[PDB]
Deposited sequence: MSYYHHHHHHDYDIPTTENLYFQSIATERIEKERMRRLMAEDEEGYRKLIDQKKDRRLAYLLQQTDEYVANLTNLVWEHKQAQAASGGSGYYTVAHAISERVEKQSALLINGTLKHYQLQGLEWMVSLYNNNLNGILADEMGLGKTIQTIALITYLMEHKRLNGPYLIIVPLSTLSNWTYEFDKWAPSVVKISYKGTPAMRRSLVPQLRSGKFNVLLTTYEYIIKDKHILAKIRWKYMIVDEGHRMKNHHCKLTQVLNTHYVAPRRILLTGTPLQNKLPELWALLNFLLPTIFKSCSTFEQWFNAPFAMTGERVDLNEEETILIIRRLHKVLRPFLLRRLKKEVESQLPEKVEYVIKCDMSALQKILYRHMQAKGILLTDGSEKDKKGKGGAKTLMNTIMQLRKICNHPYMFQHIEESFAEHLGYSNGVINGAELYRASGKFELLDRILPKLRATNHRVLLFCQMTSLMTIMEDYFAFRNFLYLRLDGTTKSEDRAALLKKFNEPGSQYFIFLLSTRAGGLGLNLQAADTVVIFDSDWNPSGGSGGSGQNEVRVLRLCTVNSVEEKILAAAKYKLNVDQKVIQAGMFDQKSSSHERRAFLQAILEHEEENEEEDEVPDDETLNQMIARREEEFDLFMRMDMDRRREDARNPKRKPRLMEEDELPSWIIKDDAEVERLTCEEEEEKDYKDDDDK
């Protein structure tokens, strides 16, 4: 192999010198051999099963007829030993159909797994919520977090006491020495809306190191017309055709490695490769549009949206954590206030205004939303919802927070009504009538979670918890808010300490969604998504022009030297 490479190298170097026309005749012969081969390998009855019901293990909702065919389709794939792409439009039950598959195979094929599901990090909590709702019997692992955390889980893996494991791209790559070893019965991956640049590296590693018989690719976009992408799709769906862990550019150039001379396809040659790969992949792709199944669309569409913390949120959080019975119950109240807004702490707001350039000591404008992950995220939801004439219902369990909520709506000029436990039955009735009468210009209905029929509201933003209706629960990243979503006086104290088991993290991937994932959860149609994408770039235009540009979240570099390493000061400003 060195001996041959040394010689075959000198062979190519000697033709370049002594018969340049013969050297050209060879390379053009080699180029065509790669094409002819590519075409030749791709130039190529089935087992029936009818699926009348869903799994008995699938509960708390019954499948739509179209989703039933999705299940029946992916089962047909299974029996006939095939891979697939479920590419249904956004909001049609791709996550619910994947759970219907696993639960059906566990029941009727006694296939207990293990099932590997790879998802974008921002939607992990979304996946884990919808498994808890629809298939709680299923035993699942969440392989992510600090090494300490990941190692904690190795016993349960070697053991094999689990049906499903969810993880993200970095852990599939970082921890191959743990995860590749497992003998996965299934390898389901979530691309999100569209293929991203980092998915080429993922395709290669997967069929370099991992051993999964069955594969599914979940996606929101239809079959693309670019060679490099479609190569990764061929080698994920049908790896046995070319048994290669390469990019198309490397695979095609393989024979010219010793030439030291790259080879590039022309217009005619490209279109043909693309037109073929299209024809090879087409039969393996099921895509139903919202309009095709209009009379079966889900009535309630739920999603979980994620928040970073401001630099301020972090420092306050770390303080109230490492300072910590109904004392615990109290420590969980303070951590919820921070995730909600740091300026709930009056003395923190006043001192920061002095430093942000407000003599008066009352924060206003953008600086309201900039100090809270959740408020900053809400600022990217509500404008969009309003621009599509959607009428929101926003739950806020804390009556303290509502002062800051009202001041935020004031800033963005959102017309609203408020309803608390400080509202009499006479006042209540009238407020509801005002929101519900046809034409009401009242956009938001701010509520304190204490019976009330707001049929006028077609959107529900849960802000802090314990005729299609879109529900959006906000949730802070690596916070208590994650732990509350996951749902004997010695054991009821050990439960409140399981709520408090925090660990500081430094993952690679963003735990907050990009603009495409987010507008997919807010939007009910292709027009809403399209608009929201423009509204997002309109915000990037506004910021670009603005002379005094600040990031959307307050970062450490713009903090005062009196909050940075001063457990006294934080305590001096937070206490009551």
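*Where does the model skip over parts of the deposited sequence?*
Going by the record, the segments left unmodelled (no C-alpha atoms) fall at 1-23, 68-95, 376-391, 518-521, 538-549, 571-591, 681-693.
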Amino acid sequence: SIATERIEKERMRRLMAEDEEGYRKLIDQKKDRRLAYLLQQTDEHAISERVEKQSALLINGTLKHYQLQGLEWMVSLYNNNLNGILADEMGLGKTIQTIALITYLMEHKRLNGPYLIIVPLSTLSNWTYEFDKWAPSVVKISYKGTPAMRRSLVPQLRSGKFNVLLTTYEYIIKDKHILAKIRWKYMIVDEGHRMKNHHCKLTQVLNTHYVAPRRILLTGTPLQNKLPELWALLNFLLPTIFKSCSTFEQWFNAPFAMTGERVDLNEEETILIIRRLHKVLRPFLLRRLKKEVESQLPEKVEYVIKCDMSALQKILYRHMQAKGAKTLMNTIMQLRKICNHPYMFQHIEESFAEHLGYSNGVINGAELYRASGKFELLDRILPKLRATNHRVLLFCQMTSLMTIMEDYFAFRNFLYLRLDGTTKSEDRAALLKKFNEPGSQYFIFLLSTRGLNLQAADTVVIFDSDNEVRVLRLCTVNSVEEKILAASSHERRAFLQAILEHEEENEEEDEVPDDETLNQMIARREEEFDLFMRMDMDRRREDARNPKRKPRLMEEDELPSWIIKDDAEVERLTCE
From here on, numbers count along this sequence of modelled residues.
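*Which has the higher mean CA temperature factor in the PDB entry, 395-403 or 215-223?*
It is 395-403 that shows the higher mean C-alpha B-factor.
*Which of the two stretches, 330-338 or 116-124, shows the higher mean Cα temperature factor in the record?*
Comparing 330-338 with 116-124, the higher mean C-alpha B-factor belongs to 330-338.
*For the C-alpha B-factor as written in the entry, point me to the maximum among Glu376, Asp190, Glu292, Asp464.*
The record points to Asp464.
_Looking at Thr203, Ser142, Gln455, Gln156, which one carries the largest C-alpha B-factor according to the PDB entry?_
Comparing C-alpha B-factors across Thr203, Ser142, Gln455, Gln156, the maximum falls on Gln455.
_Is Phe411 in the lowest, middle or highest third of its chain when residues are ranked by C-alpha B-factor?_
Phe411: CA B-factor falls in the lowest third of its chain.
_What third of the chain does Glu528 rank in for C-alpha temperature factor, lowest, middle or highest?_
Middle third, going by the recorded CA B-factors of the chain.
_Is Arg50 in the lowest, middle or highest third of its chain when residues are ranked by C-alpha B-factor?_
Its C-alpha B-factor belongs to the highest third of this chain's values.
*asked:* Among the modelled residues of this chain, does the Cα B factor of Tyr78 put it in the lowest, middle or highest third?
replied: CA B-factor rank for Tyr78: lowest third.
*What third of its chain's C-alpha B-factors does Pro547 belong to: lowest, middle or highest?*
Tercile = highest for this residue's CA B-factor.
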